[PDB]
Amino acid sequence: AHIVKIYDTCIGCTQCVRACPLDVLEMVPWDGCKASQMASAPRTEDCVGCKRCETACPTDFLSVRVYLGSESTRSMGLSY
Amino acid sequence: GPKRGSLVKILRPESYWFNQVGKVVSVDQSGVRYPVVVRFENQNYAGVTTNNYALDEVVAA
Amino acid sequence: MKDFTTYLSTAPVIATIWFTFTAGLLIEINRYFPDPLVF
Amino acid sequence: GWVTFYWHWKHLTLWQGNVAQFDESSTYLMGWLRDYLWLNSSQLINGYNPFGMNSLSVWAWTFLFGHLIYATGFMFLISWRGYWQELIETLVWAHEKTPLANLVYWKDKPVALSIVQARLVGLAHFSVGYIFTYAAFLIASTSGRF
Amino acid sequence: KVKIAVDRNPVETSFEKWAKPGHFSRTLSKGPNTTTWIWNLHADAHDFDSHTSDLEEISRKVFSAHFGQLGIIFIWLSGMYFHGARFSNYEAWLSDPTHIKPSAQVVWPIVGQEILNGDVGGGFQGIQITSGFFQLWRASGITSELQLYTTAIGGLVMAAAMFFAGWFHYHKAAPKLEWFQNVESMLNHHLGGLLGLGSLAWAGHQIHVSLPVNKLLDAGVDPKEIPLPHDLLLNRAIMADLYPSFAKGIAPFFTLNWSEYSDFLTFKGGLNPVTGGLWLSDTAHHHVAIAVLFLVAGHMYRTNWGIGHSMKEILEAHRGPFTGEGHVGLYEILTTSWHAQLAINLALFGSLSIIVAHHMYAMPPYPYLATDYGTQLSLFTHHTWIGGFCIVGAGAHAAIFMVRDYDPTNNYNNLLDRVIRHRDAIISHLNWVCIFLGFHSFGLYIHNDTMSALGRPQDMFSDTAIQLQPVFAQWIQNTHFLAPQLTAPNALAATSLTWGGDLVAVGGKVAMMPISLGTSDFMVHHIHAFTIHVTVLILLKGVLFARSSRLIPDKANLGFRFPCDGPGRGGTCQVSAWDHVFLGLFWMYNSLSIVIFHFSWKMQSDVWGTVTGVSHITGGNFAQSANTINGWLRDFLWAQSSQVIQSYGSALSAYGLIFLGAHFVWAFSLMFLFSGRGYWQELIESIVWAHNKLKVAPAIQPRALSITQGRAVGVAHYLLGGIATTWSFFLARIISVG
Amino acid sequence: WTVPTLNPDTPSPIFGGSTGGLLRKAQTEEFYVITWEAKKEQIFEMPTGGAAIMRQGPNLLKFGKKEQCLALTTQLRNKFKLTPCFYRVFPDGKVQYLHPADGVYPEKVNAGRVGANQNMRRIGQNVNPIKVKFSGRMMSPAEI
Amino acid sequence: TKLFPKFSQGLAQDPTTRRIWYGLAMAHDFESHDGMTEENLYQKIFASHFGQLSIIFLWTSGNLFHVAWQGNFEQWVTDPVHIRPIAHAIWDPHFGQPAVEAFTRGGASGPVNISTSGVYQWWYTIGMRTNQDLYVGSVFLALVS
Ligand SMILES: CC1=C(C/C=C(\C)CCC[C@H](C)CCC[C@H](C)CCCC(C)C)C(=O)c2ccccc2C1=O
Ligand SMILES: CC1=C(C/C=C(\C)CCC[C@H](C)CCC[C@H](C)CCCC(C)C)C(=O)c2ccccc2C1=O
Ligand code: SF4
Ligand code: SF4
Ligand code: SF4
């Protein structure tokens with residue numbers, strides 16, 4: 001599965017979660033921001049790297065990035 | 001931090017506004033790690049004109 | 001009318017005007033002083 | 001390419017004698033082109049003909065072969081992946097859904113090339129065609145004329 | 001129940017928003033901060049569907065835009081006519097056409113560009129035109145440059161009227177949606193009024209002006225001698241002299257004894273031996289036929305009386321067993337979206353211009369037309385290029401509609417729906433038939449070249465070794481040649497000297513001759529058909545994968561135009577229907593280039609020349625040098641490049657210069673077509689460091705072009721370079737050798 | 001909320017069948033299935049293409065990959081406030097609740113999801129690639 | 001999961017053709033290999049250099065021999081002007097009599113390419129005269145290979 005990594009600047013604006021087309025994300029309770037929410041990526045094996053999330057997250061130095069890895073039947077999302 | 005509307009100089013290396021100066025919107029009196037809020041007038045590579053920072057990262061200039 | 005004047009002072013129009021001026025000048029110059037190479 | 005072209009022209013003019021022709025046709029590009037390439041091409045494109053052939057037929061052929069390598073590598077360079085991916089998808093549906101063909105089944109699944117892979121294979125095709133055409137032209141000219 | 005509906009003063013006339021750039025989009029109107037702002041501003045100025053969503057608003061907009069287009073056309077036409085009036089050797093060419101060459105564009109005696117003022121004859125200097133306005137005007141009956149002058153004046157006035165009409169029908173009295181929707185009234189009005197009365201008045205003008213004066217010109221009487229059109233109109237005696245029917249007025253027509261009018265309503269067929277044109281009486285009869293046909297056609301649909309048909313009812317009436325609900329709802333889709341109409345119309349339009357090119361080179365209708373081989377070639381290839389472009393645009397806007405304004409609900413079990421269903425089978429089939437044709441057709445040529453360069457021409461593919469014969473085409477030609485004896489007994493000749501027959505020549509120059517068809521032509525036709533199918537495949541995928549895909553299931557919401565979907569799932573570059581149209585345009589260019597090459601070589605080699613027999617310009621090298629690629633290159637190209645690469649010191653230096661410039665820009669496009677905007681932005685940033693260090697950084701932020709912008713600029717430059725190169729080459733070569 | 005249970009016997013919607021249909025992937029390595037219930041009966045847009053009618057009440061469909069279920073989920077969620085959930089169906093039919101799960105969609109926070117794959121730090125605070133070197137496979141400093 | 005790319009087990013598990021492609025692609029990127037240690041790396045580059053040396057030696061000895069066999073050297077040394085050097089015997093079942101004849105004219109009794117590789121000038125200049133010595137040199141270079 002392609003690698004994912006949140007950062008303490010996760011403002012919890014959910015735009016990551018609001019974007020992912022693969023449910024690779026979800027919002028948990030947190031404390032470090034006023035929204036008390038930090039994004040969480042518990043299901044890496046279904047991210048295909050479409051990077052809609054990295055397109056979203058408005059932290060100035062991003063907050064939560066994706067990194068490309070090896071492939072499989074489950075991973076690449078190929079119907080055949 | 002400095003009172004609202006004050007002008008500080010961003011210094012976070014990664015920050016698109018690095019080594020530049022922006023207007024502080026406000027600072028949270030509470031204990032969040034980046035209570036500083038800094039408007040700008042030159043959007044970054046995604047179209048944003050206001051960024052958040054910790055205390056140290058800025059200099060009121 | 002002032003709206004119209006500002007429409008004139010828009011950028012592409014002024015660019016066209018300045019370039020027309022420069023080109024007309026150069027052309028008249030090469031007319032009256034044909035084929036100069038020195039001095 | 002530029003440096004080798006220049007060397008070759010001046011040395012041709014030296015060996016022949018009308019180095020004045022170089023010093024005159026060599027200060028304007030149309031002179032370069034017409035008098036150096038189109039003028040020196042006449043033999044190669046005649047390496048064979050609807051009449052017969054000669055020792056230069058092979059070089060004319062290699063000329064054309066390089067031109068093809070080049071013009072094909074262009075497709076690599078320009079078209080990108082997702083298009084070909086959609087293609088290959090429709091194709092594999094066809095291959096398995098047509099009768100009596102689904103019998104055999106491959107091992108390694110088909111997909112288009114990764115971006116970098118396609119870029120590299122395209123560059124390869126380009127450069128190969130390039131160097132072939134030029135070498136064939138050069139040798140044909142120098143030998144068939146001297 | 002149909003009538004006229006309108007609304008008053010919808011939008012004022014003021015410069016207010018003229019001072020407000022980007023007012024049409026609330027997005028852009030908030031101001032620029034980065035470079036790409038300007039690109040976007042220019043890009044979506046006319047994207048009316050993204051401006052707002054009122055059908056009536058977009059409708060009024062496109063109406064006034066039509067008026068603007070019209071005014072522009074009138075302007076350019078008046079310009080042509082005035083140039084012909086004031087700066088031409090037209091009257092000299094009227095005196096002698098056969099040796100005076102048309103010239104209307106003249107250059108100014110400046111830094112050195114006067115050398116282009118070519119001696120075209122008639123004691124005149126300038127530049128040869130190819131448009132053929134001379135032969136056209138002679139065909140019409142223009143003698144005095146006074147006529148050209150007043151014509152230009154009227155054209156300008158008409159352009160002004162068009163602009164005023166646009167302003168009015170947009171700002172003062174704008175129509176309403178249903179009045180835009182009265183489609184049956186629109187078809188009745190168009191087909192009857194426009195075309196019927198056009199052909200009718202055309203027949204009239206031909207008869208009462210262009211027939212007599214051209215009879216006189218071909219009789220050879222002095223040009224200015226010939227009387228004036230209004231005199232021809234007034235004095236029935238003169239027309240009676242010319243054609244003894246005219247003495248009887250109209251009573252014989254009224255009495256249905258139409259045969260007597262046959263004096264100048266002829267059915268000759270063939271050509272006019274003195275001018276190489278078609279018989280003007282024949283064209284007049286033709287236009288009368290078209291006139292009555294279309295005017296009768298303009299009485300089809302019902303508008304305000306039960307008589308006439310209902311398009312939607314007819315549409316639904318046609319349903320099939322294999323098809324389900326059939327044609328239901330199409331009347332809706334068409335009565336509701338501009339883009340469907342635009343797609344259909346562009347497709348038909350492009351096809352029609354192609355047919356125009358073919359028919360026109362086939363049966364030259366103008367006097368002294370067949371002579372200028374340069375003019376023939378130019379007209380043909382120009383109209384062909386235009387047709388190709390129109391057809392590609394048809395495909396583009398088709399896919400655009402399909403993405404944007406389609407609705408699934410209205411069309412449950414539609415022809416459209418089931419097509420969308422079995423799209424996969426369709427595309428796979430097309431793929432295979434294409435690759436088959438590619439294989440066979442092109443491998444033939446490679447096999448030929450290998451059998452040649454190897455030293456065994458015995459085993460090539462020509463008219464000499466193993467043969468291939470367009471038997472069908474030869475058969476059809478035979479039959480159209482032998483037709484008039486039995487098929488059209490009242491036809492006095494074949495409708496084209498290409499069906500077979502004698503040779504008509506004028507001024508020592510061939511005007512037509514029966515055309516041979518060889519194994520060469522077989523193979524060339526098949527290459528044509530292959531590349532055509534390939535282009536069609538590209539565009540059909542572009543439209544059938546518009547909404548979604550087995551790869552991207554949400555393609556629809558992402559809009560018609562977008563770079564990719566990121567490197568996700570293996571890299572998604574170039575997946576939009578916009579990119580489909582991109583590549584389709586590429587292959588269209590390739591195909592059209594090849595087809596005009598075919599045409600040019602066939603003409604030059606085996607039709608053209610001068611009579612002694614005939615002396616073909618290349619003497620017929622075609623049918624043996626056109627079935628090998630090396631032969632192609634050398635004997636045709638590398639050959640005919642002569643005059644274009646030695647055109648210096650002459651009025652043809654411009655052609656060589658443009659040849660060079662076109663090569664240049666064509667290559668320049670490749671940097672765009674290959675680079676990647678990230679690198680550009682990085683270098684931009686270093687440049688900004690440089691500038692800013694001097695405190696000269698611009699207030700507008702510099703941003704590298706958008707991805708699609710890079711793609712579009714690349715394709716535009718490339719196409720420009722290629723087509724300009726071939727254009728310059730064609731013109732220089734044919735004008736030199738003809 | 002409790003995990004639902006895939007009832008294989010659910011009325012499939014009104015659809016004439018299209019090309020995006022069955023492959024052998026189901027008999028080879030994996031495949032998927034979705035479910036929901038509609039308020040009224042209505043027509044809608046098949047993701048893989050074609051027109052289909054949702055049946056008033058429960059409905060069941062079959063998709064190979066996962067993003068298709070995602071997409072139709074989004075559609076029903078947005079256009080009629082509808083709420084589906086789905087199931088990865090393994091080679092040997094090992095049903096797996098792919099939808100619902102948390103009981104509540106991750107758009108809204110929910111106590112119980114443990115903050116995962118998170119680094120309480122910035123990204124400029126990662127180490128140079130010179131130091132991650134010499135591993136049996138190639139690691140990016142970003143992971144450490 | 002087939003042992004395709006060995007050094008890269010992840011790819012070795014890839015069920016797509018990109019397995020084959022990239023396994024070919026990264027063959028020699030020894031830094032990016034499995035269990036790569038420094039002394040390992042070094043001894044690997046060491047074997048690599050050996051390989052390169054052997055290849056180059058084989059190349060040179062092969063050109064030596066092909067000349068020594070099918071060249072026009074011992075005639076060439078006589079007239080260094082009107083003797084063009086023979087590259088290597090041409091053989092092809094496709095070539096017709098025209099090509100054979102045309103290709104035959106340029107060297108001797110049989111179609112041949114005309115080497116343009118300066119080796120003739122070089123070797124004769126260094127003191128190479130007779131085919132015997134060219135055979136000797138070739139075989140000795142192969143020994144070193
Ligand atoms: C045509 C095309 C394809 C489709 C082509 C593919 C998948 C490869 C087709 C390979 C054919 C079937 C055979 C390859 C022939 C080579 C000569 C093999 C060389 C093997 C070496 C070991 C010598 C892409 O995948 C692609 C990806 C990204 C950008 C552009 C393109 C692109 O243009
Ligand atoms: C060269 C290149 C660039 C760089 C080129 C750019 C940014 C265009 C530059 C346009 C002009 C030259 C600059 C702006 C001109 C304006 C009229 C401003 C006024 C300038 C005065 C001199 C008049 C890209 O941005 C790019 C993006 C995507 C794919 C390929 C490429 C690509 O190939
Ligand atoms: S790459 Fe981004 S958008 Fe794609 S699945 Fe992962 S987090 Fe979601
Ligand atoms: S990473 Fe960005 S998008 Fe995701 S929760 Fe944090 S602030 Fe929102
Ligand atoms: S920028 Fe280019 S390479 Fe990168 S994801 Fe977009 S289309 Fe693909």
# chains A, B, ... in the order shown; residues from 1 in each chain; ligands from 1
$ residues_near_ligand --ligand "ligand 5" --cutoff "6 Å" --atoms "only C-alpha atoms and all ligand atoms" --output "VMD selection string"
chain E and resid 563 to 564 566 to 567 571 to 573
$ interface_residues --of "chain A" --to "chain E" --cutoff "7 Å" --atoms "only C-alpha atoms" --output "VMD selection string"
chain A and resid 48 to 51 76 to 77
$ select_by_dssp --residues "chain A" --states "strand (DSSP E)" --output "PyMOL selection string"
chain A and resi 3-5+26-29+37-40+65-67
$ write_last_selection --atoms "N, CA, C and O atoms" --output "PDB file, in the first residue's frame"
ATOM      1  N   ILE A   3       2.193   4.806   1.015  1.00  0.00           N
ATOM      2  CA  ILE A   3       2.420   5.259   2.381  1.00  0.00           C
ATOM      3  C   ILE A   3       1.676   6.568   2.597  1.00  0.00           C
ATOM      4  O   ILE A   3       1.523   7.363   1.666  1.00  0.00           O
ATOM      5  N   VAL A   4       1.220   6.791   3.829  1.00  0.00           N
ATOM      6  CA  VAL A   4       0.539   8.014   4.232  1.00  0.00           C
ATOM      7  C   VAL A   4       1.135   8.482   5.553  1.00  0.00           C
ATOM      8  O   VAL A   4       1.603   7.660   6.348  1.00  0.00           O
ATOM      9  N   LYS A   5       1.117   9.795   5.788  1.00  0.00           N
ATOM     10  CA  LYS A   5       1.676  10.374   7.004  1.00  0.00           C
ATOM     11  C   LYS A   5       1.035  11.716   7.331  1.00  0.00           C
ATOM     12  O   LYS A   5       1.171  12.679   6.572  1.00  0.00           O
ATOM     13  N   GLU A  26     -10.045   8.932   8.267  1.00  0.00           N
ATOM     14  CA  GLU A  26     -11.139   9.175   9.198  1.00  0.00           C
ATOM     15  C   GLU A  26     -10.652  10.146  10.258  1.00  0.00           C
ATOM     16  O   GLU A  26      -9.448  10.274  10.497  1.00  0.00           O
ATOM     17  N   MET A  27     -11.600  10.826  10.894  1.00  0.00           N
ATOM     18  CA  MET A  27     -11.293  11.857  11.873  1.00  0.00           C
ATOM     19  C   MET A  27     -11.454  11.320  13.288  1.00  0.00           C
ATOM     20  O   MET A  27     -12.480  10.721  13.623  1.00  0.00           O
ATOM     21  N   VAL A  28     -10.445  11.552  14.117  1.00  0.00           N
ATOM     22  CA  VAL A  28     -10.449  11.088  15.502  1.00  0.00           C
ATOM     23  C   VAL A  28     -10.490  12.308  16.406  1.00  0.00           C
ATOM     24  O   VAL A  28     -10.188  13.435  15.979  1.00  0.00           O
ATOM     25  N   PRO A  29     -10.871  12.125  17.665  1.00  0.00           N
ATOM     26  CA  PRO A  29     -10.723  13.212  18.635  1.00  0.00           C
ATOM     27  C   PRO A  29      -9.256  13.523  18.866  1.00  0.00           C
ATOM     28  O   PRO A  29      -8.404  12.634  18.870  1.00  0.00           O
ATOM     29  N   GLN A  37      -9.616  17.719  16.624  1.00  0.00           N
ATOM     30  CA  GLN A  37      -9.671  16.587  15.724  1.00  0.00           C
ATOM     31  C   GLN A  37      -8.402  16.539  14.898  1.00  0.00           C
ATOM     32  O   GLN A  37      -7.955  17.557  14.366  1.00  0.00           O
ATOM     33  N   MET A  38      -7.821  15.352  14.812  1.00  0.00           N
ATOM     34  CA  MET A  38      -6.695  15.095  13.936  1.00  0.00           C
ATOM     35  C   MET A  38      -7.095  13.995  12.969  1.00  0.00           C
ATOM     36  O   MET A  38      -7.639  12.968  13.381  1.00  0.00           O
ATOM     37  N   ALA A  39      -6.852  14.225  11.686  1.00  0.00           N
ATOM     38  CA  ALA A  39      -7.144  13.207  10.696  1.00  0.00           C
ATOM     39  C   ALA A  39      -6.405  11.913  11.017  1.00  0.00           C
ATOM     40  O   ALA A  39      -5.350  11.913  11.651  1.00  0.00           O
ATOM     41  N   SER A  40      -6.970  10.798  10.565  1.00  0.00           N
ATOM     42  CA  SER A  40      -6.353   9.503  10.798  1.00  0.00           C
ATOM     43  C   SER A  40      -6.557   8.612   9.587  1.00  0.00           C
ATOM     44  O   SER A  40      -7.664   8.508   9.053  1.00  0.00           O
ATOM     45  N   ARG A  65       0.805  13.682   4.144  1.00  0.00           N
ATOM     46  CA  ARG A  65       1.261  13.423   2.751  1.00  0.00           C
ATOM     47  C   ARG A  65       1.152  11.923   2.453  1.00  0.00           C
ATOM     48  O   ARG A  65       0.993  11.155   3.407  1.00  0.00           O
ATOM     49  N   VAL A  66       1.268  11.556   1.173  1.00  0.00           N
ATOM     50  CA  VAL A  66       1.148  10.229   0.575  1.00  0.00           C
ATOM     51  C   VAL A  66       2.481   9.908  -0.089  1.00  0.00           C
ATOM     52  O   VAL A  66       3.174  10.810  -0.573  1.00  0.00           O
ATOM     53  N   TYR A  67       2.857   8.636  -0.094  1.00  0.00           N
ATOM     54  CA  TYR A  67       4.110   8.189  -0.694  1.00  0.00           C
ATOM     55  C   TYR A  67       3.844   6.874  -1.407  1.00  0.00           C
ATOM     56  O   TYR A  67       3.085   6.040  -0.905  1.00  0.00           O
TER      57      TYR A  67
END
$ interface_residues --of "chain D" --to "chain F" --cutoff "10 Å" --atoms "only C-alpha atoms" --output "ChimeraX atom specification"
/D:90,93,96-97
$ write_last_selection --atoms "N, CA and C atoms" --output "CSV table (one decimal), in the first residue's frame"
chain,number,residue,atom,x,y,z
D,90,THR,N,-10.5,-1.8,-22.3
D,90,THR,CA,-11.5,-2.3,-23.3
D,90,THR,C,-10.9,-3.6,-24.0
D,93,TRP,N,-11.1,-6.7,-21.8
D,93,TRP,CA,-12.5,-7.2,-21.8
D,93,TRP,C,-12.8,-8.0,-23.0
D,96,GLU,N,-11.1,-11.6,-23.0
D,96,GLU,CA,-11.7,-12.6,-22.2
D,96,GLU,C,-13.2,-12.9,-22.5
D,97,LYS,N,-13.9,-11.9,-23.1
D,97,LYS,CA,-15.3,-12.1,-23.3
D,97,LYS,C,-15.6,-12.8,-24.6
$ residues_near_ligand --ligand "ligand 1" --cutoff "8 Å" --atoms "only C-alpha atoms and all ligand atoms" --output "ChimeraX atom specification"
/D:75-85,110-115,117-119
$ interface_residues --of "chain G" --to "chain A" --cutoff "7 Å" --atoms "only C-alpha atoms" --output "number ranges by chain"
G: 10-11, 14-15
$ residues_near_ligand --ligand "ligand 2" --cutoff "6 Å" --atoms "only C-alpha atoms and all ligand atoms" --output "list in words"
residues 671, 672, 675, 676, 677, 680, 704, 705, 706, 707 and 710 of chain E
$ write_last_selection --atoms "C-alpha atoms" --output "PDB file, in the first residue's frame"
ATOM      1  CA  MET E 671       9.661  22.098 -26.433  1.00  0.00           C
ATOM      2  CA  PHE E 672       6.113  22.826 -25.321  1.00  0.00           C
ATOM      3  CA  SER E 675       8.373  19.798 -21.216  1.00  0.00           C
ATOM      4  CA  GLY E 676       6.761  19.839 -17.783  1.00  0.00           C
ATOM      5  CA  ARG E 677       5.506  22.841 -15.893  1.00  0.00           C
ATOM      6  CA  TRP E 680       9.358  25.867 -15.535  1.00  0.00           C
ATOM      7  CA  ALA E 704       4.146  28.703 -15.270  1.00  0.00           C
ATOM      8  CA  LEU E 705       1.401  27.782 -17.698  1.00  0.00           C
ATOM      9  CA  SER E 706      -1.267  25.306 -16.703  1.00  0.00           C
ATOM     10  CA  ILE E 707      -0.819  21.746 -17.895  1.00  0.00           C
ATOM     11  CA  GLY E 710       1.082  23.795 -22.319  1.00  0.00           C
TER      12      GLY E 710
END
$ atom_distance --atom1 "atom CA of residue 107 of chain F" --atom2 "atom CA of residue 119 of chain F"
21.2 Å
$ residues_near_ligand --ligand "ligand 4" --cutoff "6 Å" --atoms "only C-alpha atoms and all ligand atoms" --output "PDB file with N, CA, C and O atoms, in the first residue's frame"
ATOM      1  N   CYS A  10      -2.180  18.899  11.524  1.00  0.00           N
ATOM      2  CA  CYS A  10      -3.496  18.476  11.072  1.00  0.00           C
ATOM      3  C   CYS A  10      -4.567  19.269  11.796  1.00  0.00           C
ATOM      4  O   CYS A  10      -4.915  18.973  12.942  1.00  0.00           O
ATOM      5  N   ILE A  11      -5.114  20.264  11.111  1.00  0.00           N
ATOM      6  CA  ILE A  11      -6.038  21.193  11.745  1.00  0.00           C
ATOM      7  C   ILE A  11      -7.383  20.507  11.916  1.00  0.00           C
ATOM      8  O   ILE A  11      -8.295  21.042  12.551  1.00  0.00           O
ATOM      9  N   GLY A  12      -7.511  19.303  11.375  1.00  0.00           N
ATOM     10  CA  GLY A  12      -8.756  18.589  11.547  1.00  0.00           C
ATOM     11  C   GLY A  12      -9.891  19.157  10.734  1.00  0.00           C
ATOM     12  O   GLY A  12     -11.054  18.877  11.030  1.00  0.00           O
ATOM     13  N   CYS A  13      -9.588  19.947   9.711  1.00  0.00           N
ATOM     14  CA  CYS A  13     -10.631  20.487   8.855  1.00  0.00           C
ATOM     15  C   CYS A  13     -11.256  19.428   7.962  1.00  0.00           C
ATOM     16  O   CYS A  13     -12.120  19.754   7.144  1.00  0.00           O
ATOM     17  N   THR A  14     -10.811  18.178   8.091  1.00  0.00           N
ATOM     18  CA  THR A  14     -11.436  17.006   7.486  1.00  0.00           C
ATOM     19  C   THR A  14     -11.357  17.008   5.969  1.00  0.00           C
ATOM     20  O   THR A  14     -11.760  16.030   5.331  1.00  0.00           O
ATOM     21  N   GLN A  15     -10.808  18.072   5.382  1.00  0.00           N
ATOM     22  CA  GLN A  15     -10.773  18.151   3.929  1.00  0.00           C
ATOM     23  C   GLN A  15     -10.010  16.982   3.346  1.00  0.00           C
ATOM     24  O   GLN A  15     -10.298  16.537   2.231  1.00  0.00           O
ATOM     25  N   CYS A  16      -9.046  16.456   4.094  1.00  0.00           N
ATOM     26  CA  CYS A  16      -8.506  15.156   3.746  1.00  0.00           C
ATOM     27  C   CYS A  16      -9.623  14.127   3.674  1.00  0.00           C
ATOM     28  O   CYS A  16      -9.912  13.578   2.606  1.00  0.00           O
ATOM     29  N   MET A  38      -7.821  15.352  14.812  1.00  0.00           N
ATOM     30  CA  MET A  38      -6.695  15.095  13.936  1.00  0.00           C
ATOM     31  C   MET A  38      -7.095  13.995  12.969  1.00  0.00           C
ATOM     32  O   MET A  38      -7.639  12.968  13.381  1.00  0.00           O
ATOM     33  N   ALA A  39      -6.852  14.225  11.686  1.00  0.00           N
ATOM     34  CA  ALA A  39      -7.144  13.207  10.696  1.00  0.00           C
ATOM     35  C   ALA A  39      -6.405  11.913  11.017  1.00  0.00           C
ATOM     36  O   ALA A  39      -5.350  11.913  11.651  1.00  0.00           O
ATOM     37  N   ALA A  56      -6.062  18.538  -1.014  1.00  0.00           N
ATOM     38  CA  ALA A  56      -6.942  19.307  -0.111  1.00  0.00           C
ATOM     39  C   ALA A  56      -6.213  20.070   1.002  1.00  0.00           C
ATOM     40  O   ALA A  56      -6.063  21.279   0.857  1.00  0.00           O
ATOM     41  N   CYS A  57      -5.864  19.369   2.087  1.00  0.00           N
ATOM     42  CA  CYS A  57      -5.284  19.865   3.376  1.00  0.00           C
ATOM     43  C   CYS A  57      -4.694  21.260   3.322  1.00  0.00           C
ATOM     44  O   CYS A  57      -3.574  21.391   2.919  1.00  0.00           O
ATOM     45  N   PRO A  58      -5.347  22.290   3.868  1.00  0.00           N
ATOM     46  CA  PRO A  58      -4.758  23.601   3.734  1.00  0.00           C
ATOM     47  C   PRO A  58      -3.625  23.991   4.690  1.00  0.00           C
ATOM     48  O   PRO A  58      -3.374  25.151   4.786  1.00  0.00           O
ATOM     49  N   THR A  59      -2.954  23.059   5.360  1.00  0.00           N
ATOM     50  CA  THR A  59      -1.858  23.545   6.231  1.00  0.00           C
ATOM     51  C   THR A  59      -0.784  24.135   5.328  1.00  0.00           C
ATOM     52  O   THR A  59      -0.472  23.500   4.345  1.00  0.00           O
ATOM     53  N   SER A  63       0.353  19.196   5.712  1.00  0.00           N
ATOM     54  CA  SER A  63      -0.296  18.384   6.781  1.00  0.00           C
ATOM     55  C   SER A  63      -0.921  17.149   6.136  1.00  0.00           C
ATOM     56  O   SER A  63      -1.894  17.302   5.409  1.00  0.00           O
ATOM     57  N   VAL A  64      -0.287  16.001   6.383  1.00  0.00           N
ATOM     58  CA  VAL A  64      -0.614  14.621   5.905  1.00  0.00           C
ATOM     59  C   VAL A  64      -0.246  14.453   4.436  1.00  0.00           C
ATOM     60  O   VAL A  64      -0.965  14.994   3.628  1.00  0.00           O
TER      61      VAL A  64
END
$ interface_residues --of "chain D" --to "chain A" --cutoff "9 Å" --atoms "only C-alpha atoms" --output "ChimeraX atom specification"
/D:89,92-93,109
$ write_last_selection --atoms "N, CA, C and O atoms" --output "short mmCIF file (atom, residue, chain, number, x, y, z; two decimals), in the first residue's frame"
data_model
loop_
_atom_site.label_atom_id
_atom_site.label_comp_id
_atom_site.auth_asym_id
_atom_site.auth_seq_id
_atom_site.Cartn_x
_atom_site.Cartn_y
_atom_site.Cartn_z
N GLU D 89 -7.81 -1.57 -21.21
CA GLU D 89 -8.94 -2.10 -20.44
C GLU D 89 -10.02 -2.65 -21.37
O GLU D 89 -10.45 -3.80 -21.23
N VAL D 92 -8.77 -5.90 -22.94
CA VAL D 92 -8.75 -7.13 -22.15
C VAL D 92 -10.16 -7.64 -21.94
O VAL D 92 -10.41 -8.86 -21.93
N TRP D 93 -11.13 -6.72 -21.80
CA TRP D 93 -12.51 -7.18 -21.76
C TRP D 93 -12.84 -7.97 -23.01
O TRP D 93 -13.44 -9.04 -22.94
N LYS D 109 -0.15 -9.39 -15.44
CA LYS D 109 -1.32 -8.68 -15.91
C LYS D 109 -0.93 -7.50 -16.79
O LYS D 109 0.16 -6.94 -16.62
#
$ residues_around --residues "residue 69 of chain E" --least-positions-apart "4" --cutoff "12 Å" --atoms "only C-alpha atoms" --output "PyMOL selection string"
chain E and resi 62-65+73-76+159-160+162-163+165-166
$ write_last_selection --atoms "C-alpha atoms" --output "short mmCIF file (atom, residue, chain, number, x, y, z; two decimals), in the first residue's frame"
data_model
loop_
_atom_site.label_atom_id
_atom_site.label_comp_id
_atom_site.auth_asym_id
_atom_site.auth_seq_id
_atom_site.Cartn_x
_atom_site.Cartn_y
_atom_site.Cartn_z
CA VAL E 62 -25.26 33.54 -29.29
CA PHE E 63 -27.71 35.42 -31.51
CA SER E 64 -25.79 38.67 -31.26
CA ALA E 65 -22.53 36.75 -31.62
CA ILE E 73 -17.52 38.46 -43.11
CA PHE E 74 -19.13 41.35 -44.98
CA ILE E 75 -16.18 43.56 -44.07
CA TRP E 76 -13.64 41.14 -45.46
CA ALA E 159 -21.45 44.96 -42.51
CA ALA E 160 -22.51 48.09 -40.64
CA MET E 162 -25.18 43.58 -39.32
CA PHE E 163 -23.36 45.11 -36.38
CA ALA E 165 -28.72 44.52 -35.83
CA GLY E 166 -26.64 42.63 -33.31
#
